[PDB]
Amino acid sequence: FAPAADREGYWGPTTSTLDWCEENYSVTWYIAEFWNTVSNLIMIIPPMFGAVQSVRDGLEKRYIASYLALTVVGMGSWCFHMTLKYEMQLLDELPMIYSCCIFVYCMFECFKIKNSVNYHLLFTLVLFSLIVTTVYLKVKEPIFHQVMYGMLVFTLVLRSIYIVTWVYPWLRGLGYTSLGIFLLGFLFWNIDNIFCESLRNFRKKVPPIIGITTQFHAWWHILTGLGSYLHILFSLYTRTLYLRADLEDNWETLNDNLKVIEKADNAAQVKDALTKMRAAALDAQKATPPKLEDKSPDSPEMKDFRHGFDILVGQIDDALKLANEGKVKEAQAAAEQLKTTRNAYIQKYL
């Protein structure tokens, strides 16, 4: 039949190349596709929280950029679903290509030396994103964007599969979980497109989730936004495991900072050295020294190695307490106590 249309237009007409299954300005006349708009908050709030945590912890620029790029994708989608115009449509679909390009760079540079740039991969991703954008603007076909975004996700999937199968099998739960929700989100994306029915919405209890659960494109933002967030976590974790210090590194850090305390002239050096010494002590306490490599981690010699570190950590905490109390000279003099306890309980096992 030919009844009344559910798309209750207000605040400008739809000039965008495509309009989703969600009824235009049905909940409120202020924003179009209400649930497709508000669902982008999980692609705005958590990635921004991840971006500020990354700058505070002093992480690599590419990991800060990856979190901010997802926020741009979220903000762009929030602007596109609200207005439903071609101008804001590009602000949503184009950053998806750029964010994925940043993610591809991070995933292929995870096992590279710190403070190094691969200009060959960087110029390839810039050239790819430039080619994709230029033709997408000229030929306004949305299917082309979906294909080019799909192959970027596919290359990102293969790298994540290679890492979990050959390098870090620990990231199986995180890596595969990210992948699955994303495919679950992509499944729901086609449910809203192909099975576009307002019947469920119309028949009953629209205010509850039954009315709301049928907005599968909104659930797509919820799942891909959580999925991309997970991927960044996965990417970050891959880098953290590679840049992670071993027992030999921690033992060197423990001793270098111990000599720093002995030769220190100001409070900041002593405090800094004790902080770095505590981090190295707790990390070396978990590890097995080369002389105990044959023995079990629960052996009496191993319990003695951990006991020596328990005394050392405690004495570092005592020295940090003195440093935090303004007793610089007393905290500085703790170095000989720390030197004695390592010589009497730890040094014999290395």
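A residue's number is simply how far along the shown sequence it sits, counting from 1.
Peer 1: Given the B-factors recorded for C-alpha atoms, which segment has the greater mean, 220 to 228 or 106 to 114?
Peer 2: Higher of the two, by average CA B-factor, is 220 to 228.
Peer 1: Should the higher mean CA B-factor in the entry be assigned to 190 to 198 or to 159 to 167?
Peer 2: The recorded data point to 190 to 198.
Peer 1: Per the entry, which of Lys271, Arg244, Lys140, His120 tops the list for Cα B factor?
Peer 2: Each of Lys271, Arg244, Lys140, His120 was compared by C-alpha B-factor; the highest is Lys140.
Peer 1: From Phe144, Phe234, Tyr176, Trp251, can you pick the one with the highest C-alpha B factor in the entry?
Peer 2: Reading the PDB entry, the winner on C-alpha B-factor is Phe144.
Peer 1: Using the B-factor values recorded in the entry, state whether the Cα atom of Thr288 falls in the lowest, middle or highest third among the modelled residues of its chain.
Peer 2: For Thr288, whose C-alpha B-factor we compare with every modelled residue in the chain, the answer is the lowest third.
Peer 1: Just say lowest, middle or highest third for the CA B-factor of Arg172 relative to the other modelled residues in its chain.
Peer 2: Its C-alpha B-factor belongs to the middle third of this chain's values.
Peer 1: Ranking the modelled residues of this chain by C-alpha B-factor as given in the entry, is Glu301 in the lowest, middle or highest third?
Peer 2: For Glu301, the deposited C-alpha B-factor lands in the middle third.
Peer 1: Should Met43 be placed in the lowest, middle or highest third of its chain by the C-alpha B factor in the entry?
Peer 2: Middle third by C-alpha B-factor.
Peer 1: How does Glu33 rank on Cα B-factor within its chain, lowest, middle or highest third?
Peer 2: Highest third - that is where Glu33 ends up once the chain's C-alpha B-factors are sorted.
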